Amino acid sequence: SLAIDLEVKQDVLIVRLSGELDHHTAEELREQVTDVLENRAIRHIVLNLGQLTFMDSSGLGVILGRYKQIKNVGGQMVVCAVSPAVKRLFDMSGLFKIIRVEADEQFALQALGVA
């Protein structure tokens, strides 16, 4: 229900999600991501949501849990290729104010100077 493809480019962790993100699938994501943040010098996180077909507040929670981590190292959280539905959750929750939204992974990486 949720495929996770990770990749590191310098101090940026690229998280590519495919499928649906809810409380049921969020756990495997949290574990996988926090593992990377522990055994690597990551300052930023690019969340590629182009292949994500669904997300609820649990998706916002896992993102927000990471945001706190990234904020601790002075880095930035970037989400890209966001669906209108997911964009609706970011506006309504004000997350659009603390997390940058970009068109796609390339522009997101460019914004972080790693492309």
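Note that residue numbering follows the sequence shown and begins at 1.
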Quick note on 67-75 and 51-59: per-entry mean CA temperature factor is higher in 67-75
Checking the entry, which one of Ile42, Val46, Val82, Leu89 has the top C-alpha B factor? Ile42
Lowest, middle or highest third: where is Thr25 by C-alpha B factor in its chain? lowest
Among all modelled residues of this chain, ranked by Cα B factor, put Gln10 in the bottom, middle or top third, i.e. lowest, middle or highest. highest
